[PDB]
Amino acid sequence: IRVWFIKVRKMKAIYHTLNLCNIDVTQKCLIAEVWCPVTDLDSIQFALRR
Amino acid sequence: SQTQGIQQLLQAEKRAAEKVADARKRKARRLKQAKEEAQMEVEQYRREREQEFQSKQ
């Protein structure tokens with residue numbers, strides 16, 4: 001039950017994050033206007049590679 | 001990036017809309033085109049069977 005909980009709740013958070021987005025009128029991509037630290041950007045793009 | 005969204009959007013919109021209209025009118029013309037071609041081919045076959053009937057005579 002506990003791992004079921006952790007999976008379900010992190011899934012909830014993921015979907016909430018998707019809810020905070022911008023759906024284009026036709027384009028299937030989402031355009032964000034967000035923040036980002038500068039010093040760790042290499043690890044951020046590494047996570048994008050992940 | 002803001003400029004691009006309207007370029008590609010306009011391209012896709014025009015393409016899809018004119019394709020739908022093109023298919024509609026293509027069927028609309030094919031209606032009578034098939035009708036008249038079939039009529040002419042039938043009449044030719046009629047004369048052919050007249051000639052066959054002359055041979056049978």
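Residues numbered from 1 in each chain as written, not as in the entry; some residues may be left out. Chains lettered and ligands numbered in written order. Part of a larger assembly, values for the part shown. Heavy atoms only, no water.

## Thoughts on the overall build of chain A
Right, so step 1: When helices and strands are tallied, chain A shows two helices and zero strands.
Right, so step 2: Its C-alpha atoms give chain A a radius of gyration of 15 Å, more than 25% over the compact-globule value 10 Å for 50 residues.
Right, so step 3: By its C-alpha atoms, chain A is 35 × 35 × 20 Å across when sized along the principal axes.
Right, so step 4: Counting across all 50 residues of chain A, residues that qualify as buried make up 0%.
Right, so step 5: Surface exposure of chain A reaches about 5400 Å², of which carbon and sulfur atoms provide 65%.
Right, so step 6: Measuring between centres, the 8 positive side-chain charges of chain A sit 19 Å from its 4 negative side-chain charges. (Helix = DSSP H or I, 4+ residues; strand = E, 2+ residues; numbered from the N terminus. Rg over C-alpha atoms; globule rule 2.2 N^0.38 Å. Buried < 20%, exposed > 50% of the residue type's maximum accessible area, 1.4 Å probe, protein only. Areas by Shrake-Rupley, 256 points an atom, 1.4 Å probe, with all protein chains shown as cover. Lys, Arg positive; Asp, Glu negative; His and termini not counted. Charge placed at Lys NZ, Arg CZ, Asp CG, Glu CD.)

## A closer look at the pattern of salt bridges
Residue and element names in this part refer to chain B.
Right, so step 1: Under the defined criterion, the tally for this structure stands at seven salt bridges over all chains.
Right, so step 2: Taking the shortest distance from any N to any O, the salt bridge between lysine 35 and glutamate 36 comes out at 3.1 Å.
Right, so step 3: According to the relative accessible area criterion, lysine 35 is exposed, its value standing at 53%.
Right, so step 4: A salt bridge links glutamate 48 to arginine 49; its shortest N-O distance comes to 3.2 Å.
Right, so step 5: Overall, the relative accessible area of 27% leaves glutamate 48 in the partly exposed class.
Right, so step 6: You can call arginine 49 partly exposed: its relative accessible area is 40%. (Salt bridge = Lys/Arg side-chain N within 4 Å of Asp/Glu carboxyl O.)

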